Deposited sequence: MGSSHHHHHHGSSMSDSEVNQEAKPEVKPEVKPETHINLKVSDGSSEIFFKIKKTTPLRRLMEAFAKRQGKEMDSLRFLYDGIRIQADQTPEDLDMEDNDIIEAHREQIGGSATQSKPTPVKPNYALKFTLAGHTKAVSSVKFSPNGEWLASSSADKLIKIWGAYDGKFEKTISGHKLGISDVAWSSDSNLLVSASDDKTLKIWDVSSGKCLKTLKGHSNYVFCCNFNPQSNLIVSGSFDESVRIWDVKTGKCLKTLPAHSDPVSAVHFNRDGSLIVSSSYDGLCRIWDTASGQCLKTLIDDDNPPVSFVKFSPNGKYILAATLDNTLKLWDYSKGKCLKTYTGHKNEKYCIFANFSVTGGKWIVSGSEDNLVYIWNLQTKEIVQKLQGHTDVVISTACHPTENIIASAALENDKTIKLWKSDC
């Protein structure tokens, strides 16, 4: 791949915590420690709107499947469901007793999953805003939560060193260095997990075996988003504490590109759903989002 910087997105006044493309590929949403959500054009980076209401910084944001809603996780111990068109807060999800770190819709987007520093995973009903289940998931802050492709499964990770798979319908656990990020692969059969020994590993969870290991980057202090890039060549994409975006060949485990430009830890990366486009975001010495594009 030949990812090249195309746009730098300026607006946040503190660290950018997460960037996520909308499923229709039209928009990029960003969350920040400055308590704001900002929406940008996915292809040109043009600022669109600021969405405000959280009383403390935001660690994560995520899109509903139809690209109409957002959910945000905030240090004010709540999540908020937003109507992106109107910018209005539809619901405020209360129940966590500490910072909410991570969040996601299920594919049907009738549920929300959240991970918190209170060490629980919570499952929320989008329509009523009610908390349906509270899982005593870990013995340390929860670093990531993600649904599989039909929402029947939740994968969570934690600084306690564990990665666990949960049955959404019952809340019960199906399967078990700090684990700082996890997410299901696009086909649903693998789990990409990051640990704070500068390592990413691809796990076949049905077999419970580690298939591939990716090294080269620096990840010892922060929880960093990683991604499967599938629009062109099959890559693993992740941020790094050396201010670079790393891209690995999924199959060969070779580093094939390092995207240079950010001036602080690259804490978030995201891959566009149909075009060879990467978005990346950095901590408070940088505060900008960058859009990178590749011919393949």
| item | value |
| --- | --- |
| Missing C-alpha runs, given along the deposited sequence, first residue counted as 1 | 1-122, 299-304 |
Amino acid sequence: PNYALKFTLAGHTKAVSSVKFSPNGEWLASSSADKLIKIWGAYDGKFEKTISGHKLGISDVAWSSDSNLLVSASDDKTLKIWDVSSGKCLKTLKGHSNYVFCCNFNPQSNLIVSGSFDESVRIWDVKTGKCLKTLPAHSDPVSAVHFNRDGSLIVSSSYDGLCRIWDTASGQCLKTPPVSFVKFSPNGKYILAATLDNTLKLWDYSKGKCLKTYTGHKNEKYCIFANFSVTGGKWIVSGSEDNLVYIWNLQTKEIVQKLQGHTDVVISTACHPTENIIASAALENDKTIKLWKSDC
From here on, numbers count along this sequence of modelled residues.
query	finding
Of 207-215 and 177-185, the stretch whose C-alpha atoms average the higher B-factor in the entry	207-215
Mean C-alpha temperature factor, higher of 84-92 and 117-125	84-92
Third assignment of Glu241 from its chain's C-alpha B-factors	highest
Among modelled residues of the same chain, the CA temperature factor third for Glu254	highest
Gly151 - Cα temperature factor, lowest/middle/highest third of chain	lowest
Third of chain Cα B-factors occupied by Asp197	middle
Chain-wide C-alpha B factor ranking for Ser158, given as lowest, middle or highest third	lowest
